[PDB]
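See below for the structure under consideration.
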Amino acid sequence: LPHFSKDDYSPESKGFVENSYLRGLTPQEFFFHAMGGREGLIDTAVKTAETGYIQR
Amino acid sequence: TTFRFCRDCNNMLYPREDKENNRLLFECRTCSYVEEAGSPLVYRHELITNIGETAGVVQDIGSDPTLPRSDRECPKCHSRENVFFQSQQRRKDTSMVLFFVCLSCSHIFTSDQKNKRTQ
Amino acid sequence: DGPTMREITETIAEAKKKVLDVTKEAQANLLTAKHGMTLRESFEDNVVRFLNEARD
Amino acid sequence: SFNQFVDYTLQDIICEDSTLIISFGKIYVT
Amino acid sequence: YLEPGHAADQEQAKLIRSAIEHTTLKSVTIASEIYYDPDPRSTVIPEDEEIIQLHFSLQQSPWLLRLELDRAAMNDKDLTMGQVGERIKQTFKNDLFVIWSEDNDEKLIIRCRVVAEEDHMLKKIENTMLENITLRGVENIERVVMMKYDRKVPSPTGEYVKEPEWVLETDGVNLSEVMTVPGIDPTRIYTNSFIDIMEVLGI
Amino acid sequence: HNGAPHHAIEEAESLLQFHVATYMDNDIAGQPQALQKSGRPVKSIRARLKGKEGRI
Amino acid sequence: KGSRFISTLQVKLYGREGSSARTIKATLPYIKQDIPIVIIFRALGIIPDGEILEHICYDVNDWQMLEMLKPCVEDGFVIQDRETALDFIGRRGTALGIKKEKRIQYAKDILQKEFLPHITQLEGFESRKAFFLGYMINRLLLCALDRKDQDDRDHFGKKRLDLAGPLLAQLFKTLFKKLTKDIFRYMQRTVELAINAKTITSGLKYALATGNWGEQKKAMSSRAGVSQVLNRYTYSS
Amino acid sequence: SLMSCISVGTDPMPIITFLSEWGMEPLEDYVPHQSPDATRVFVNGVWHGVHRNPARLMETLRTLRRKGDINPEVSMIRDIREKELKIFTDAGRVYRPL
Amino acid sequence: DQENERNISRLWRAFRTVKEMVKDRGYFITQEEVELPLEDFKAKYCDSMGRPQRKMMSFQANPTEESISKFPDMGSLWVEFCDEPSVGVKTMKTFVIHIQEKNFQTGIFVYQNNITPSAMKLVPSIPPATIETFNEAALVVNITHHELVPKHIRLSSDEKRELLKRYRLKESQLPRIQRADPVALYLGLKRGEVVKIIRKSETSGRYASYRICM
Amino acid sequence: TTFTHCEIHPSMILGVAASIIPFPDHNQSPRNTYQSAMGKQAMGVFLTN
DNA sequence: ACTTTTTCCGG
RNA sequence: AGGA
DNA sequence: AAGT
Ligand SMILES: [Zn+2]
Ligand SMILES: [Zn+2]
């Protein structure tokens with residue numbers, strides 16, 4: 001993100017969500033969780049379609 | 001390596017052997033030019049390269065804000081102001097060693113605790 | 001409960017330092033890669049392992 | 001976007017290969 | 001899976017690890033160079049001066065192929081300059097004259113000459129050398145790892161007891177070959193490529 | 001049957017071959033896809049029998 | 001804007017990692033074969049090597065990049081002057097389009113019109129067109145030599161959303177030039193006022209009505225689902 | 001997003017005409033090894049020339065846009081490492097205020 | 001000694017497996033005969049240099065008393081090893097008319113690198129006798145000993161006739177084994193022959209499949 | 001100390017539908033994507049006319 | 001050189 | 001265009 | 001995303 005200095009391999013820069021849902025997420029933690037979430041939904045959609053033909 | 005061109009064509013120079021005197025020549029295949037080789041080396045491959053490690057280090061490198069700072073004392077002037085970066089040789093293998101550029105002398109030093117360099 | 005949240009914070013705190021320690025160790029060339037792996041691959045495996053150990 | 005299209009882009013498409021052996025001048029939008 | 005006997009012998013595993021893991025001349029080489037060294041008996045390169053002196057005492061091309069090997073790389077995938085050169089020598093047979101710096105020597109070097117028009121021929125040789133040369137192991141078999149798996153096995157007293165073993169995991173497949181290898185169990189070997197199991201062991 | 005202008009016959013023949021072809025299968029590799037004056041292509045007998053939603 | 005020649009030019013690096021003949025050829029618009037870069041600079045005007053290499057590699061101390069450019073010089077060596085470089089390019093059509101004077105004249109035009117259409121599509125701007133082609137080869141090599149990183153096709157700054165207005169621009173253009181040809185048609189018929197204003201109205205309507213951004217009721221490939229009915233379930237929707 | 005906007009499309013010339021009068025060497029007259037490290041300038045992917053001290057130019061450009069003179073929607077990026085200064089008048093670019 | 005020791009280690013192992021295969025086919029071979037140690041192999045088929053003497057290895061084998069009861073017309077076998085890596089039409093015409101004269105039933109040719117296309121053209125030419133080509137380098141390890149390989153049993157013409165009667169099958173209706181199958185080669189399966197495959201079952205303990213040769 | 005710009009408000013990364021989610025930062029990543037599809041099926045006054 | 005599948009249900 |  |  002542009003809110004990071006270059007060559008930052010730290011937990012925070014690479015998406016480690018230190019916080020609990022109860023405490024809340026930081027804008028960085030939120031956006032990273034968001035990328036992670038997106039991958040799962042694309043998988044769900046792709047898997048659902050593949051898995052069907054396999055059954056057939 | 002460092003290769004030269006013809007001084008009449010500007011077209012590139014190809015090697016030729018002077019079997020008679022056992023000496024290396026560079027000929028021009030456009031005209032009739034020939035010159036003795038300055039080096040015995042005609043080609044170098046280089047597989048584990050170290051050229052590109054510290055590329056694009058302009059004197060404006062201190063101005064880029066996207067770059068991080070550190071309080072590491074400089075080897076040449078002891079200035080605790082440096083703009084570090086990683087091996088710009090964009091290869092898989094590559095070590096995570098740093099290269100600090102001074103903000104006064106503008107000299108390049110590593111965080112390397114295995115070897116000593118000059119690049 | 002409050003004391004368990006102190007314990008959890010300091011649980012992440014030590015695993016964050018464990019990551020920094022392996023980060024400085026890898027910037028200093030001292031880090032010795034795992035057989036059949038990039039020096040970086042070897043580092044990331046360890047970082048991702050500490051952060052997920054702490055999550056648990 | 002539409003504003004740039006009416007105010008400018010439209011007056012431009014109107015004259016580029018407009019001139020025919022008869023060319024097109026200024027466009028008016030009611 | 002390791003030969004019946006040597007179950008917990010980690011050093012046995014390492015042997016077969018090296019015996020099968022593929023290593024190329026490219027994987028050891030730092031850089032290769034072509035120099036014009038017209039006299040074979042003496043060298044323009046001052047470092048080399050030493051190497052000629054010995055690999056002479058106790059006709060060919062003037063153009064030289066000089067490649068530098070990496071010490072640390074020659075270490076991980078255990079290797080000797082002797083065995084490296086011996087391969088290069090056994091590859092190009094008699095048409096290529098090979099010399100090499102000793103394992104002790106500070107810099108690792110391999111000098112090669114031949115037996116009108118030469119410049120290009122030598123570059124064709126360096127391409128065979130780097131790419132088309134095997135040093136160690138079986139082809140296709142890449143990253144090889146040692147694993148300490150747990151095998152439940154009947155003890156003398158009769159009870160099945162957790163008695164672990166060293167096992168090799170490959171990042172490539174070549175069954176026909178890694179089976180005929182000494183020091184393994186060609187009764188226990190397994191590949192996830194069942195297309196290969198079908199071809200080698202039957203339907 | 002009339003005064004056969006030959007090139008005109010091999011021309012009218014090839015067109016009949018086209019229609020008899022495109023009627024059974026309209027989706028041929030050799031690209032002219034017989035189309036109803038509406039742009040919309042003519043539905044092949046093949047297309048009618050073709051899988052998932054379609055006769056069989 | 002204007003005609004919009006969506007001609008894409010590729011600068012290919014033949015031969016893979018660890019193979020001899022690491023030649024650089026570039027697929028030029030309206031040209032069958034992939035011409036070696038050197039023939040291009042020569043056809044462009046930049047006749048000698050080194051003058052060609054000056055445009056590609058800027059640092060005379062970057063031996064690594066230059067050794068990489070040596071096979072290119074070898075490939076191109078066969079052609080020598082500007083003329084014989086254009087003739088080689090004219091030999092590869094289109095089809096071929098036989099005759100020497102014809103093939104040479106072609107390639108003169110492909111460079112002016114089809115080659116690097118932005119910058120300029122004019123005449124005497126060979127200087128700019130060369131330095132750029134070189135900038136491309138430089139960037140090509142920079143990646144092969146593991147210095148620059150391979151371009152992320154999915155970086156957002158490299159994308160552009162075509163909004164309402166420019167969607168119409170593409171459409172209006174297509175129809176205005178369709179009217180422009182019907183305008184020439186009635187001017188022709190006048191062997192000696194009947195300018196169908198319907199084509200434009202009906203076209204824009206058809207488009208915004210179906211969502212089929214193509215010409216016209218004969219759709220595919222047109223691009224459908226561009227226009228659509230505004231959802232009104234809630235003010236949010 | 002709520003703050004996202006799209007570039008409408010401006011004119012490159014008032015920036016091109018400006019750049020020349022500010023230290024840009026035309027591409028027709030470039031000497032790759034005489035002026036070697038020169039920061040190369042592109043306006044909408046069209047390589048226009050080279051600038052000797054890009055730091056001074058980048059500061060004058062930023063001030064025209066921030067004042068009003070150069071359109072605020074006009075994108076202008078200076079990669080120090082790469083030694084390039086790419087400018088964008090280009091209609092389509094998604095922008096956000098900061 | 002060097003890496004000459006290994007070309008031997010392997011030729012010994014390949015022989016042991018060739019010995020096993022012949023025993024398994026139903027021929028008379030001892031267990032001590034198979035178990036012939038390395039040092040003892042050297043001291044039989046090794047010259048004045050301690051190098052392999054393949055021309056000596058070659059051995060005739062006969063049917064066990066048991067085999068002539070199941071398959072009466074099951075004749076005699078001959079296994080001819082060759083000392084030349086590339087086997088040519090010259091060394092092949094030898095072995096071929098050897099079987100023809102010595103009225104053999106079957107013959108196995110164990111070659112190192114190849115059997116020339118000229119020589120291979122003579123393999124079917126001598127009926128009712130049959131010939132088998134076998135790359136030495138394959139035989140180094142016995143596939144039949146592997147975990148995954150169950151017991152295959154060649155059926156008699158009377159046994160196959162019965163399998164078909166008992167399960168009311170047409171030849172088609174049977175699971176098939178390829179003529180080129182590692183095990184079908186090891187057992188020298190001819191097209192139409194059936195194998196009984198006795199496999200272990202996590203379900204029943206022992207399950208018997210059948211495969212006809214294609 | 002290199003900061004060239006500041007973010008107006010981070011909640012502006014969100015678009016129309018997500019901006020109706022209460023505490024979306026205290027939610028699991030997709031639960032928000034689900035809501036930013038459901039609110040388009042809800043009822044209520046869509047216009048005063 | 002060249003083809004074909006991809007879970008189930010108001011206009 | 002939309003639900004599971 | 002695979003395979004004649
Ligand atoms: Zn010359
Ligand atoms: Zn300093």
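So you can find residues: chains in the structure tokens are A, B, ... in the order shown, residues in each start at 1, and ligands are numbered from 1 in order.
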Query raised in the report: What residues in stretch 45-162 of chain I get the DSSP label strand (DSSP E or B)? Please answer as a ChimeraX atom specification.
Result: /I:46,52,59-61,63,77-81,86-87,106-111,114-115,130-135,151-154
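The contact shell of ligand 2, defined as all polymer residues within 12 Å when only C-alpha atoms (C1' of nucleotides) and all ligand atoms are used, comprises residues 71, 72, 73, 74, 75, 76, 77, 78, 79, 80, 81, 82, 83, 100, 101, 102, 103, 104, 105, 106, 107, 108 and 109 of chain B.
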Requested in this report: as a ChimeraX atom specification, please: all residues of chain C that backbone DSSP puts in helix (DSSP H, G or I).
Outcome: /C:2-27,39-55
If the limit is 8 Å from any atom of ligand 1, counting only C-alpha atoms (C1' of nucleotides) and all ligand atoms, which residues qualify? Return them as a PDB file with N, CA, C and O atoms, in the first residue's frame.
ATOM      1  N   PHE B   5      34.332  -0.624 -31.990  1.00  0.00           N
ATOM      2  CA  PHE B   5      33.853  -0.494 -33.362  1.00  0.00           C
ATOM      3  C   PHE B   5      34.942   0.089 -34.255  1.00  0.00           C
ATOM      4  O   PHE B   5      35.888   0.718 -33.763  1.00  0.00           O
ATOM      5  N   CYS B   6      34.763  -0.077 -35.580  1.00  0.00           N
ATOM      6  CA  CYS B   6      35.630   0.437 -36.639  1.00  0.00           C
ATOM      7  C   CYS B   6      35.700   1.968 -36.585  1.00  0.00           C
ATOM      8  O   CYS B   6      34.689   2.614 -36.315  1.00  0.00           O
ATOM      9  N   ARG B   7      36.889   2.547 -36.838  1.00  0.00           N
ATOM     10  CA  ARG B   7      37.053   4.006 -36.806  1.00  0.00           C
ATOM     11  C   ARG B   7      36.817   4.693 -38.150  1.00  0.00           C
ATOM     12  O   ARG B   7      37.150   5.869 -38.314  1.00  0.00           O
ATOM     13  N   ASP B   8      36.199   3.966 -39.093  1.00  0.00           N
ATOM     14  CA  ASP B   8      35.873   4.456 -40.430  1.00  0.00           C
ATOM     15  C   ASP B   8      34.444   4.095 -40.822  1.00  0.00           C
ATOM     16  O   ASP B   8      33.830   4.828 -41.600  1.00  0.00           O
ATOM     17  N   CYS B   9      33.912   2.973 -40.284  1.00  0.00           N
ATOM     18  CA  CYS B   9      32.543   2.497 -40.533  1.00  0.00           C
ATOM     19  C   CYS B   9      31.642   2.806 -39.356  1.00  0.00           C
ATOM     20  O   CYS B   9      30.494   3.189 -39.547  1.00  0.00           O
ATOM     21  N   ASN B  10      32.172   2.600 -38.137  1.00  0.00           N
ATOM     22  CA  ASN B  10      31.515   2.626 -36.832  1.00  0.00           C
ATOM     23  C   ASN B  10      30.787   1.278 -36.659  1.00  0.00           C
ATOM     24  O   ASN B  10      30.211   1.019 -35.605  1.00  0.00           O
ATOM     25  N   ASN B  11      30.884   0.390 -37.686  1.00  0.00           N
ATOM     26  CA  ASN B  11      30.314  -0.955 -37.685  1.00  0.00           C
ATOM     27  C   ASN B  11      31.130  -1.840 -36.786  1.00  0.00           C
ATOM     28  O   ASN B  11      32.341  -1.667 -36.700  1.00  0.00           O
ATOM     29  N   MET B  12      30.470  -2.749 -36.074  1.00  0.00           N
ATOM     30  CA  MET B  12      31.114  -3.577 -35.071  1.00  0.00           C
ATOM     31  C   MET B  12      32.313  -4.387 -35.497  1.00  0.00           C
ATOM     32  O   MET B  12      32.502  -4.660 -36.693  1.00  0.00           O
ATOM     33  N   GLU B  27      38.717  -7.118 -36.788  1.00  0.00           N
ATOM     34  CA  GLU B  27      38.476  -6.712 -38.168  1.00  0.00           C
ATOM     35  C   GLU B  27      37.073  -6.138 -38.392  1.00  0.00           C
ATOM     36  O   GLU B  27      36.123  -6.477 -37.674  1.00  0.00           O
ATOM     37  N   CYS B  28      36.951  -5.273 -39.405  1.00  0.00           N
ATOM     38  CA  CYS B  28      35.665  -4.727 -39.797  1.00  0.00           C
ATOM     39  C   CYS B  28      35.245  -5.424 -41.074  1.00  0.00           C
ATOM     40  O   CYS B  28      36.010  -5.453 -42.050  1.00  0.00           O
ATOM     41  N   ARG B  29      34.039  -6.008 -41.053  1.00  0.00           N
ATOM     42  CA  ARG B  29      33.496  -6.743 -42.188  1.00  0.00           C
ATOM     43  C   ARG B  29      32.721  -5.898 -43.182  1.00  0.00           C
ATOM     44  O   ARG B  29      32.101  -6.426 -44.112  1.00  0.00           O
ATOM     45  N   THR B  30      32.783  -4.585 -43.007  1.00  0.00           N
ATOM     46  CA  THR B  30      32.170  -3.637 -43.922  1.00  0.00           C
ATOM     47  C   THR B  30      33.311  -3.110 -44.808  1.00  0.00           C
ATOM     48  O   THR B  30      33.217  -3.153 -46.037  1.00  0.00           O
ATOM     49  N   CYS B  31      34.424  -2.705 -44.181  1.00  0.00           N
ATOM     50  CA  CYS B  31      35.584  -2.222 -44.907  1.00  0.00           C
ATOM     51  C   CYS B  31      36.793  -3.156 -44.730  1.00  0.00           C
ATOM     52  O   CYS B  31      36.625  -4.383 -44.654  1.00  0.00           O
ATOM     53  N   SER B  32      38.009  -2.567 -44.665  1.00  0.00           N
ATOM     54  CA  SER B  32      39.276  -3.280 -44.523  1.00  0.00           C
ATOM     55  C   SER B  32      40.037  -2.979 -43.202  1.00  0.00           C
ATOM     56  O   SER B  32      41.204  -3.360 -43.074  1.00  0.00           O
ATOM     57  N   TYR B  33      39.378  -2.317 -42.221  1.00  0.00           N
ATOM     58  CA  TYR B  33      39.977  -1.966 -40.927  1.00  0.00           C
ATOM     59  C   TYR B  33      40.307  -3.204 -40.114  1.00  0.00           C
ATOM     60  O   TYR B  33      39.659  -4.246 -40.260  1.00  0.00           O
TER      61      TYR B  33
END
Requested in this report: Can you pull out every residue within 12 Å of residue F:35, counting only C-alpha atoms (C1' of nucleotides), but drop anything in the same chain fewer than 2 positions away, and send it as a list in words?
Outcome: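 Counting only C-alpha atoms (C1' of nucleotides), the residues come to residues 19, 22, 23, 26, 27, 31, 32, 33, 37, 38, 39, 40, 41, 42, 43 and 44 of chain F; 218, 219 and 220 of chain G.
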Requested in this report: Can you work out the spacing between atom CA of residue I:54 and atom CA of residue I:84 in Å, to one decimal?
Outcome: 8.8 Å
Query - All residues 9 Å or closer to stretch 36-43 of chain A, only C-alpha atoms (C1' of nucleotides), same chain fewer than 2 positions away omitted, as a PyMOL selection string - result: (chain A and resi 31-34+45-48) or (chain J and resi 28-30+33)
Export, as an mmCIF file, in the first residue's frame, the selected residues with C-alpha atoms.
data_model
loop_
_atom_site.group_PDB
_atom_site.id
_atom_site.type_symbol
_atom_site.label_atom_id
_atom_site.label_comp_id
_atom_site.auth_asym_id
_atom_site.auth_seq_id
_atom_site.Cartn_x
_atom_site.Cartn_y
_atom_site.Cartn_z
ATOM 1 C CA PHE A 31 -8.153 -4.048 2.831
ATOM 2 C CA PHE A 32 -5.819 -7.055 3.223
ATOM 3 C CA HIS A 33 -8.579 -9.215 4.726
ATOM 4 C CA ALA A 34 -10.605 -7.998 1.718
ATOM 5 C CA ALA A 45 -17.613 -19.791 -7.768
ATOM 6 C CA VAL A 46 -14.931 -21.686 -9.814
ATOM 7 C CA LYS A 47 -15.033 -24.811 -7.581
ATOM 8 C CA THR A 48 -18.882 -24.952 -7.748
ATOM 9 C CA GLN J 28 -15.683 -11.227 8.396
ATOM 10 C CA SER J 29 -14.461 -10.238 4.921
ATOM 11 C CA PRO J 30 -17.203 -11.845 2.734
ATOM 12 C CA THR J 33 -19.610 -8.622 0.083
#
Report task. Rounded to one decimal place, report the atom CA of residue F:1-atom CA of residue F:14 distance in Å. Result ->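 These two atoms are separated by 17.1 Å.
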Determine, using only C-alpha atoms, which residues of chain E have any atom at most 8 Å from an atom of chain I, and tabulate each with its shortest atom pair and distance in Å to one decimal place, rows ordered by chain and then rising number, as a tab-separated table.
residue	atom	partner	partner_atom	distance
E:176	CA	I:138	CA	7.4
E:179	CA	I:141	CA	7.2
E:180	CA	I:141	CA	5.9
E:186	CA	I:146	CA	6.4
E:187	CA	I:146	CA	3.8
E:188	CA	I:147	CA	6.0
E:199	CA	I:182	CA	7.5
E:200	CA	I:182	CA	6.5
E:201	CA	I:143	CA	5.7
E:202	CA	I:182	CA	5.0
E:203	CA	I:181	CA	7.0
Based on the selection just made, write N, CA and C atoms of those residues as an mmCIF file, in the first residue's frame.
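To be explicit, this is the file written out as selection.cif:
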data_model
loop_
_atom_site.group_PDB
_atom_site.id
_atom_site.type_symbol
_atom_site.label_atom_id
_atom_site.label_comp_id
_atom_site.auth_asym_id
_atom_site.auth_seq_id
_atom_site.Cartn_x
_atom_site.Cartn_y
_atom_site.Cartn_z
ATOM 1 N N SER E 176 11.635 -46.092 -13.966
ATOM 2 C CA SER E 176 12.495 -47.104 -14.586
ATOM 3 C C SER E 176 13.916 -47.076 -14.050
ATOM 4 N N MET E 179 14.544 -46.901 -9.585
ATOM 5 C CA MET E 179 14.227 -48.222 -9.057
ATOM 6 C C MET E 179 15.490 -49.084 -9.042
ATOM 7 N N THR E 180 16.224 -49.085 -10.184
ATOM 8 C CA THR E 180 17.474 -49.821 -10.435
ATOM 9 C C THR E 180 18.685 -49.243 -9.643
ATOM 10 N N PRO E 186 13.101 -51.472 -4.059
ATOM 11 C CA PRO E 186 12.318 -51.492 -5.307
ATOM 12 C C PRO E 186 11.046 -52.355 -5.180
ATOM 13 N N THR E 187 10.662 -52.556 -3.913
ATOM 14 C CA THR E 187 9.505 -53.282 -3.458
ATOM 15 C C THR E 187 8.582 -52.295 -2.759
ATOM 16 N N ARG E 188 9.141 -51.149 -2.335
ATOM 17 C CA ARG E 188 8.423 -50.115 -1.587
ATOM 18 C C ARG E 188 8.240 -48.761 -2.318
ATOM 19 N N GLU E 199 2.788 -48.068 -16.552
ATOM 20 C CA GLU E 199 3.800 -48.335 -17.571
ATOM 21 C C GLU E 199 4.924 -49.271 -17.081
ATOM 22 N N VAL E 200 5.451 -49.039 -15.860
ATOM 23 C CA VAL E 200 6.573 -49.783 -15.270
ATOM 24 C C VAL E 200 6.180 -51.106 -14.599
ATOM 25 N N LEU E 201 5.151 -51.080 -13.734
ATOM 26 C CA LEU E 201 4.749 -52.214 -12.906
ATOM 27 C C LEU E 201 3.510 -53.036 -13.338
ATOM 28 N N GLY E 202 2.832 -52.621 -14.406
ATOM 29 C CA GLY E 202 1.633 -53.319 -14.872
ATOM 30 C C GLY E 202 0.324 -52.661 -14.477
ATOM 31 N N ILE E 203 -0.773 -53.071 -15.143
ATOM 32 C CA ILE E 203 -2.100 -52.506 -14.918
ATOM 33 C C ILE E 203 -2.617 -52.728 -13.514
#
Requested in this report: Might you pull out every residue within 12 Å of residue M:2, with only C-alpha atoms (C1' of nucleotides) counted and same-chain residues fewer than 4 positions away left off, and present them as a list in words?
Outcome: residues 3, 4, 5 and 6 of chain K
Please save N, CA and C atoms (P, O5', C5', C4', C3', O3' and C1' of nucleotides) of the selected residues as a PDB file, in the first residue's frame.
ATOM      1  P    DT K   3     -12.186 -27.149 -35.951  1.00  0.00           P
ATOM      2  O5'  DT K   3     -12.983 -27.629 -34.643  1.00  0.00           O
ATOM      3  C5'  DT K   3     -13.153 -29.025 -34.372  1.00  0.00           C
ATOM      4  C4'  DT K   3     -13.163 -29.298 -32.877  1.00  0.00           C
ATOM      5  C3'  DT K   3     -14.432 -28.832 -32.141  1.00  0.00           C
ATOM      6  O3'  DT K   3     -15.141 -29.976 -31.572  1.00  0.00           O
ATOM      7  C1'  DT K   3     -12.426 -28.222 -30.959  1.00  0.00           C
ATOM      8  P    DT K   4     -16.764 -30.046 -31.532  1.00  0.00           P
ATOM      9  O5'  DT K   4     -17.098 -29.771 -29.980  1.00  0.00           O
ATOM     10  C5'  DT K   4     -16.720 -30.723 -28.961  1.00  0.00           C
ATOM     11  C4'  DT K   4     -16.662 -30.079 -27.572  1.00  0.00           C
ATOM     12  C3'  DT K   4     -17.853 -29.182 -27.178  1.00  0.00           C
ATOM     13  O3'  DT K   4     -18.519 -29.706 -26.021  1.00  0.00           O
ATOM     14  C1'  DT K   4     -15.768 -28.198 -26.562  1.00  0.00           C
ATOM     15  P    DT K   5     -20.093 -29.476 -25.814  1.00  0.00           P
ATOM     16  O5'  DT K   5     -20.240 -29.402 -24.229  1.00  0.00           O
ATOM     17  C5'  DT K   5     -19.879 -30.506 -23.432  1.00  0.00           C
ATOM     18  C4'  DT K   5     -19.097 -30.064 -22.213  1.00  0.00           C
ATOM     19  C3'  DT K   5     -19.832 -29.143 -21.266  1.00  0.00           C
ATOM     20  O3'  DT K   5     -20.634 -29.916 -20.370  1.00  0.00           O
ATOM     21  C1'  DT K   5     -17.476 -28.633 -21.461  1.00  0.00           C
ATOM     22  P    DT K   6     -21.943 -29.302 -19.691  1.00  0.00           P
ATOM     23  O5'  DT K   6     -21.350 -28.238 -18.639  1.00  0.00           O
ATOM     24  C5'  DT K   6     -20.781 -28.684 -17.394  1.00  0.00           C
ATOM     25  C4'  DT K   6     -19.859 -27.639 -16.750  1.00  0.00           C
ATOM     26  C3'  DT K   6     -20.497 -26.335 -16.341  1.00  0.00           C
ATOM     27  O3'  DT K   6     -21.250 -26.506 -15.159  1.00  0.00           O
ATOM     28  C1'  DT K   6     -18.332 -25.952 -17.241  1.00  0.00           C
TER      29       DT K   6
END
Requested in this report: Excluding residue D:1 and residues on its chain fewer than 4 positions from it, collect all residues at most 10 Å away from it, counting only C-alpha atoms (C1' of nucleotides), and give them as a PyMOL selection string.
Outcome: (chain D and resi 5-6) or (chain G and resi 162-167) or (chain H and resi 6-9+91-92)
Only N, CA and C atoms, please: the residues just picked out, written as an mmCIF file, in the first residue's frame.
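What landed in again.cif:
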data_model
loop_
_atom_site.group_PDB
_atom_site.id
_atom_site.type_symbol
_atom_site.label_atom_id
_atom_site.label_comp_id
_atom_site.auth_asym_id
_atom_site.auth_seq_id
_atom_site.Cartn_x
_atom_site.Cartn_y
_atom_site.Cartn_z
ATOM 1 N N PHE D 5 -18.297 15.134 -23.784
ATOM 2 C CA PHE D 5 -18.767 14.629 -25.068
ATOM 3 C C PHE D 5 -19.559 15.664 -25.858
ATOM 4 N N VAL D 6 -20.518 16.351 -25.226
ATOM 5 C CA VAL D 6 -21.302 17.348 -25.951
ATOM 6 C C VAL D 6 -20.446 18.577 -26.272
ATOM 7 N N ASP G 162 -13.927 3.361 -19.761
ATOM 8 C CA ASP G 162 -14.608 4.121 -20.797
ATOM 9 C C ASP G 162 -15.989 4.432 -20.231
ATOM 10 N N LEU G 163 -16.244 5.708 -19.889
ATOM 11 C CA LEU G 163 -17.521 6.121 -19.314
ATOM 12 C C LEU G 163 -18.591 6.378 -20.381
ATOM 13 N N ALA G 164 -19.740 6.927 -19.965
ATOM 14 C CA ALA G 164 -20.866 7.263 -20.826
ATOM 15 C C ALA G 164 -20.453 8.052 -22.103
ATOM 16 N N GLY G 165 -19.869 9.243 -21.940
ATOM 17 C CA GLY G 165 -19.418 10.087 -23.045
ATOM 18 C C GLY G 165 -18.552 9.396 -24.089
ATOM 19 N N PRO G 166 -17.386 8.799 -23.713
ATOM 20 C CA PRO G 166 -16.535 8.133 -24.722
ATOM 21 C C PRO G 166 -17.157 6.903 -25.363
ATOM 22 N N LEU G 167 -18.139 6.289 -24.686
ATOM 23 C CA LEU G 167 -18.853 5.148 -25.239
ATOM 24 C C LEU G 167 -19.620 5.643 -26.477
ATOM 25 N N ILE H 6 -13.142 9.916 -12.674
ATOM 26 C CA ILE H 6 -12.510 9.485 -13.907
ATOM 27 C C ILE H 6 -12.012 10.704 -14.694
ATOM 28 N N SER H 7 -10.811 10.588 -15.274
ATOM 29 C CA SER H 7 -10.215 11.644 -16.084
ATOM 30 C C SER H 7 -11.069 11.885 -17.320
ATOM 31 N N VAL H 8 -11.459 13.133 -17.544
ATOM 32 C CA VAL H 8 -12.315 13.495 -18.666
ATOM 33 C C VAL H 8 -11.621 13.568 -20.043
ATOM 34 N N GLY H 9 -10.349 13.951 -20.030
ATOM 35 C CA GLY H 9 -9.553 14.124 -21.233
ATOM 36 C C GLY H 9 -9.245 15.584 -21.499
ATOM 37 N N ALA H 91 -7.755 10.397 -21.082
ATOM 38 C CA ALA H 91 -9.114 10.223 -20.577
ATOM 39 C C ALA H 91 -9.323 8.736 -20.201
ATOM 40 N N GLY H 92 -9.869 8.499 -19.007
ATOM 41 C CA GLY H 92 -10.144 7.152 -18.507
ATOM 42 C C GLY H 92 -9.579 6.814 -17.141
#
**Report entry** Atomic separation - atom CA of residue I:60 relative to atom CA of residue I:15, Å
**Finding:**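 Straight-line distance from atom CA of residue I:15 to atom CA of residue I:60 works out to 13.6 Å.
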Query raised in the report: So which residues touch residue B:65 within 8 Å, counting only C-alpha atoms (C1' of nucleotides), skipping near sequence neighbours fewer than 4 positions away, as a list in words?
Result: residues 5 of chain A; 2, 3 and 4 of chain J
